[PDB]
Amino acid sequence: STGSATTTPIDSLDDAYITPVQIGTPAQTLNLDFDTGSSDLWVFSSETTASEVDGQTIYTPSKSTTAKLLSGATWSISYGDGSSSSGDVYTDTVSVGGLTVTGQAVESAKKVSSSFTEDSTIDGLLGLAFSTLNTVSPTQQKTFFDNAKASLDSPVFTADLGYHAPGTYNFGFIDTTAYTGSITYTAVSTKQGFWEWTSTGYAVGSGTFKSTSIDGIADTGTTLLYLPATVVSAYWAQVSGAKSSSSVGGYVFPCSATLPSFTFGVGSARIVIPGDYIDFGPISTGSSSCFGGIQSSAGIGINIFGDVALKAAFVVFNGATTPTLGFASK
């Protein structure tokens, strides 16, 4: 079997992408943030503290004839940006773009951090990292992808994120019409539970390509591109007037500047991020300082190929017994 769903940016800056997901019987449709950097499927629900819900669509397990409470199970997760949530666990039927999994663990939020409350357009997250990172206790639960794997035509899913435009998540097949050229595959390490790979280097604008190994994770759940300080300094040095701002928390640049492209290596292949993708607009309404889409990973501890990088490519997440990542231009 296969599945295919359209994913849509939540705002004019592509800060995140939401994808409709059907939960329960009869179907309750929620718009979830597909996150290859985490492994929990959790949703706003009728159990969430009412003061922490502000416009989100909620999952109501009592109205689903297939929902079963998972006795004694709880979950608690904290994300790298400081966000967090926690609650209890149900099992229910979950469908994505025609692809159905029965008995999927649906983690019902009782408490969410403020960053989720203020994001009215995200009803929850659907984790697509490896199941070893799932936070359900005392019995760890499998991801949607892991549960669907056996029934998929091919044990893959692909991410085709749009620049200021809708895109597609496909499960079980590779749309050979969605990319140009060849797909370059590269090795994945699962030792930390992430889709972790090693980029072969980078170039700034039309500059010389620098061969150097950058270990990082492919994370659809992170907006920006987080790279080592040496790389990020070399990029912003080519932008007149750009500087690192402690009060803002990263590199800013005059909004009138034109940004150079950024190239990262995948084996012998090259993925080019257009300069316009790195512009994230004024730091505050009316400001002539703009926020940069490439930032230092020094404070994070790991390099993150977030949406800024992934949306420049067609990305294959190959969940075979030896997992690999595939990148193609589009």
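Just count from 1 along the sequence shown to find any residue number.
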query: Between the two ranges 179-187 and 239-247, the one averaging a larger CA B factor in the entry; finding: 239-247
query: Stretch with the greater mean C-alpha B-factor as recorded in the entry, comparing 159-167 against 81-89; finding: 81-89
query: Selection by C-alpha B-factor (highest) of 219, 196, 119, 107; finding: 119
query: Top Cα B factor in the deposited entry, candidates 51, 261, 36, 296; finding: 51
query: CA B-factor ranking of residue 320, expressed as a third of its chain; finding: highest
query: Residue 207 - which third its CA temperature factor falls in, relative to the rest of the chain; finding: highest
query: Where the record places residue 42 (Cα B-factor, split into thirds across the chain); finding: middle
query: Record-listed C-alpha B factor of residue 329: chain third; finding: middle
query: CA B-factor ranking of residue 100, expressed as a third of its chain; finding: middle
